[PDB]
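# Close look at the chain arrangement
Here's the letter readout for the chains.
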Amino acid sequence: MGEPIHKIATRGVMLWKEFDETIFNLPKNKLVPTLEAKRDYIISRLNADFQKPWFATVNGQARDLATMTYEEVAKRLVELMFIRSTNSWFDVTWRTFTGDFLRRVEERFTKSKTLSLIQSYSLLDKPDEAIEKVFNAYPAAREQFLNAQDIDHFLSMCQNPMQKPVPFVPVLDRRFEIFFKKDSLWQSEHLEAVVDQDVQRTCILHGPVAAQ
Amino acid sequence: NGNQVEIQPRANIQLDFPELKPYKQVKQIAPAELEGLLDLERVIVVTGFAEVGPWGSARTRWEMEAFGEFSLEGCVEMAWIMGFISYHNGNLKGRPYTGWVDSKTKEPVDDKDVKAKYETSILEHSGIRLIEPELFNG
Amino acid sequence: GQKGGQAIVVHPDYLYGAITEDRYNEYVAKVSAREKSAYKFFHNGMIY
């Protein structure tokens, strides 16, 4: 909403400040052209220095949702929402998100009425095996980019109100500020759910004078 | 004592590029002496094709020609060509919706339901049929 | 108006016998990439 906040000057907060003075203060008619002009720089900054990385990044190569395979999307979701140390999903709504995506994968690549291979999302407590099952049943999904409709569906369910906000930036558009800023305070207490357990990516509220 | 999820097919239209075999099989098909015998600047190939006709595109026309009836992908393509269905992405009756809607009523349509909703009208208004004055300036 | 014509089209796999394995493999990789881009474009263009 534009209110000042005192935060520790981490790389993530420094990126926040840079965007504040370079992107988020732009008028509406200039926001999209600027994002489009700066896509590569913005994506690299997100992946390097922020707690919400660019979602469509496969093995360090920046991409788009339209340029990812279904399998790549599923694995990226598991990589960003599933904690290996605790062997659990950080929260159950992200589990539901990934399960919804896998159900859509099955719907896209199935030829007739069939039983879902994910009967209960509780099967996703071992995400690797569930992904292997889904993409062994539908191997064509490992080498086909997302149908445009499924891109739209993915971005729609990134905007689900009854769901913890997704821990990544999925698209650059008029709602980039919302994607970048929303739900930014929990990561300080749960570094196990940050990309490299890196505190420098997170935002920590602290007073300047009281810091002494 | 007190108190299975089924998955519906969604149309996945393919471009149908030619399948490319391993070099071993493809080498088996043509004489071994053909390698380096031909001036490939003098060999003409077809790299793409298309059509607009009474049975829609080349994909839907071929489905009708070879199999006599439309698959799910063919039915969805014919429905979209004829303007029966249109894509929607946004709030629809408040709730968000991503998918096909009936072009006239704007009600959501599942891919599985396209055949039941539309196939009969698609077939009635495709191919050789009585001349429709509205298509030819009265 | 006495317009007679004939064309003969031959199966595309006979072309590949004319080239080396390395050239064929590089062609296959390029075609696969192009086909994925074409699918992306086709579906975007269709729904919009």
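Here, the structure is the one placed above.
Residues numbered from 1 in each chain as written, not as in the entry; some residues may be left out. Chains lettered and ligands numbered in written order. Part of a larger assembly, values for the part shown. Heavy atoms only, no water. Residues with missing side-chain atoms left out of burial classes, pairs and counts.

### Details of the state of the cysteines
The tally for this structure, following the rule as stated, stands at zero disulfides over all chains. The structure places no disulfide on A:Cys158, whose sulfur is separated from the nearest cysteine sulfur, that of A:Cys203, by 20 Å. (Disulfide = S-S within 2.5 Å.)

### Description of the interface of chain B and chain A
Taken together, the contact pairs 17 residues of chain B with 21 residues of chain A. Carbon and sulfur atoms make up 47% of the surface buried where chain B meets chain A, a total of about 1,700 Å² over both sides. Summed over the shared surface of chain B and chain A, the number is one salt bridge. Between A:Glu107 and B:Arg10 there is a salt bridge, with the nearest N and O atoms lying 3.2 Å from each other. Our enumeration of links across chain B and chain A arrives at nine residue pairs in polar contact. Only β1 (6-7), β2 (85-92) and β3 (95-102) of chain B provide two or more residues apiece to the side of chain B that touches chain A. (Contact = heavy atoms within 4.5 Å. Buried area = accessible area lost by both parts, 1.4 Å probe. Salt bridge = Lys/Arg side-chain N within 4 Å of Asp/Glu carboxyl O. Polar contact = N/O pair within 3.5 Å; in protein donor to acceptor, adjacent residues only side chain to side chain. Helix = DSSP H or I, 4+ residues; strand = E, 2+ residues; numbered from the N terminus.)

### Considerations on helix α2 (residues 58-67) of chain B
Residues and elements named next belong to chain B. The set of residues buried in α2 consists of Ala58, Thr60, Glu63 and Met64. Here the buried face of α2 lies against α3 (72-81) and α4 (111-124). Of the residues one or two after α2, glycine 68 is the one with positive phi, at around 75°. (Buried < 20%, exposed > 50% of the residue type's maximum accessible area, 1.4 Å probe, protein only.)

### What about the pattern of salt bridges?
Throughout the structure, instances matching the rule amount to 30 salt bridges over all chains. Note that B:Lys117 is salt-bridged to B:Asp102, the shortest N-O span being 3.8 Å. In this pair, B:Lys117 is assigned in helix α4 and B:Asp102 in strand β3, connecting sequence segments 15 residues apart. Overlapping salt bridges, with partners in common, bring together A:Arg11, A:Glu18, A:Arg45, A:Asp49 and A:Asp198 in one network.

### Some points on the environment of B:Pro9
When you line up the elements, B:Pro9 lands in the loop between β1 and α1 (23-29). Taking the relative accessible area as the measure of exposure, B:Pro9 reaches 11% and is therefore buried. In this structure, the C-alpha to C-alpha distance between B:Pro9 and B:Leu123, residues 114 residues apart in sequence, is 22 Å. Residue contacts for B:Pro9: discarding those within four places in its chain leaves A:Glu107, A:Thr110, A:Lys111, A:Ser112, A:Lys113, B:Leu72, B:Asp111 and B:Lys112.

### Let's talk about unusual backbone geometry
Residues other than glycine seldom take positive phi values, yet A:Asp183 does so here, at roughly 60°. Classification of A:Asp183 by relative accessible area gives partly exposed; the value is 28%. The backbone of B:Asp16 shows a phi angle near 65°, a positive value even though the residue is not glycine. For B:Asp16, the location among the structural elements is in the loop between β1 and α1. Accessibility expressed as a relative area gives 66% for B:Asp16, which makes it exposed.

### A closer look at the pairing of β2(B)
Residues and elements named next belong to chain B. By the bridge criterion, eight bridges tie β2 to β3 in an arrangement that is antiparallel. Paired with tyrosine 87 across the two strands is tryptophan 100, which belongs to β3. What sits between β2 and β3 in their antiparallel hairpin is a turn of two residues, with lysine 93 showing a positive phi close to 60°. (Pairing = 2+ DSSP bridges.)

### Some words on a nonpolar patch on the surface
Together, B:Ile29, C:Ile8, C:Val10 and C:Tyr14 give the surface a local cluster of nonpolar side chains, amounting to about 400 Å² of exposed area. With respect to the helices and strands, C:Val10 occurs in the segment before α1 (13-16). Relative accessible area serves as the criterion here: at 57%, C:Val10 is assigned to the exposed category. (Patch = residues over 30% accessible without salt bridge, like charges linked within 9 Å, V, L, I, M, F, W, Y side chains within 5 Å. Areas by Shrake-Rupley, 256 points an atom, 1.4 Å probe, with all protein chains shown as cover.)

### Describing the side chain of A:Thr34
Residues and elements named next belong to chain A. With respect to the helices and strands, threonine 34 occurs in helix α2 (residues 28-37). Under the relative-accessibility criterion, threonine 34 is labelled buried at 14%. Of note is the side chain of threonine 34, whose polar atom sits 2.7 Å from the backbone oxygen of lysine 30.

### What to know about the interface of chain C and chain B
Of the residues lining the interface, 22 residues belong to chain C; the matching set on chain B comes to 23 residues. Taken over both partners, the interface formed by chain C and chain B buries close to 2,400 Å², and the fraction arising from carbon and sulfur atoms is 71%. For the chain C face of the interface with chain B, the top three residues by lost area are C:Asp13, C:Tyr24 and C:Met46, together amounting to 25%. Our enumeration of links across chain C and chain B arrives at zero salt bridges.

### Notes on the sheet that holds strand β4 (residues 108-109) of chain B
Strand order in the open sheet made by the three strands is β2-β3-β4 (chain B), with antiparallel pairing throughout. Taken across any chain shown, the strands that pair with only one partner, and hence form the sheet edges, are β2 and β4 of chain B.

### A closer look at the layout of surface pockets
What the second largest pocket holds in volume is close to 1,100 Å³. Along the walls of the second largest pocket sit 44 residues, with A:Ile151, A:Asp152, A:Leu155, A:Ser156 and B:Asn89 positioned nearest its centre. Only α5 (92-109) and α7 (148-157) of chain A, β1, β2, β3 and α4 of chain B together with α2 (21-47) of chain C provide two or more residues apiece to the lining of the second largest pocket. Among the elements that make up the lining of the second largest pocket, the one with the highest residue count is α7(A) (seven residues). Residue composition of the lining of the second largest pocket, by class: 19 nonpolar, eleven polar and 14 charged. When residues of the lining of the second largest pocket are sorted by domain, at least three fall in each of domain 1 (1-54 + 172-212) and domain 2 (55-171) of chain A. (1 Å grid on protein atoms, 1.4 Å probe; cavity = no way out; pocket = protein on both sides within 12 Å on 5 of 7 lines; lining within 4 Å. Points joined across faces, edges and corners; volume = space filled by probe spheres on them. Nonpolar A, V, L, I, M, F, W, Y, C, P; charged D, E, K, R; others polar. Domains from an automatic or database assignment.)

Read these as spatial facts, not as claims about activity.
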